[PDB]
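The listed protein sequences derive, respectively, from chains G and R. Using UniProt numbering, you'd call the opening residue of the first sequence number 212 and step up by one each time. Using UniProt numbering, you'd call the opening residue of the second sequence number 557 and step up by one each time. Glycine included, every Cβ here is placed at the ideal spot set by N, Cα and C. These notes concern the structure reproduced below.
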Amino acid sequence: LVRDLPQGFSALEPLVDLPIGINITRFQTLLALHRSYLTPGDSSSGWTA
Amino acid sequence: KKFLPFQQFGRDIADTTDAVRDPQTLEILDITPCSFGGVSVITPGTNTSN
Ligand SMILES: *[C@@H]1O[C@H](CO)[C@@H](O)[C@H](O)[C@H]1NC(C)=O
Ligand SMILES: *[C@@H]1O[C@H](CO)[C@@H](O)[C@H](O)[C@H]1NC(C)=O
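And the structure:
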C-alpha cells in the first residue's frame, strides 16, 4: 500500500562483479510488451495502464 | 559468525583480521592472538632466601 519509495532502511548486498572493462555513459531500461504492436487494444490489453 | 556470500574476512576495532574464511573450504573460523602477558617475579629478599 505504498505507491512511492517506502520509508525505511534496507541494505543492498553485493550481487555480482563483471570484468566488462568497457566505457559507460548512458543506459536504458528493457520492458516487456504483453500487448500487440500490430493491433493496439482500446484498453486493458496492457498491464492496468 | 555467519558470513554473507560475498564476504571473506572479518574485523573488530583495528586493521588486524578477527575472523577469516578459508579459500579451500567455505567454513569461517575466528582468530585470537597467541597468549601474551607480563611475567612479574616475586621474591622474599635475596638476603632472606633465594
Ligand atoms: C567514454 O566515452 C566518452 C564519450 O561519450 C568519453 O568522453 C570518455 O573519455 C570515455 N571514457 C573512457 C574511460 O573511455
Ligand atoms: C642481610 O641483612 C642482615 C640485616 O637484616 C645483615 O645482618 C646481613 O649481613 C645481611 N646479609 C647479606 C648477605 O647481605
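Taking the beta carbon of R:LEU560 as reference, the chain G residues within 9 Å of it are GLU224, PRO225, listed in sequence order. Going by C-alpha positions, R:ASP586 is about 18 Å away from R:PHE592.
Around R:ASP568, the same chain offers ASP574 as residues with beta carbons nearer than 7 Å, after the five sequence neighbours per side are excluded. When distances are taken from the beta-carbon of R:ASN603 to the heavy atoms of ligand 2, the shortest one is below 8 Å.
Sorted by position in the chain, G:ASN234, G:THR236 make up the residues whose C-beta lies under 7 Å from a heavy atom of ligand 1. Straight-line measurement puts the Cα of R:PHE559 at about 41 Å from the Cα of R:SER596.
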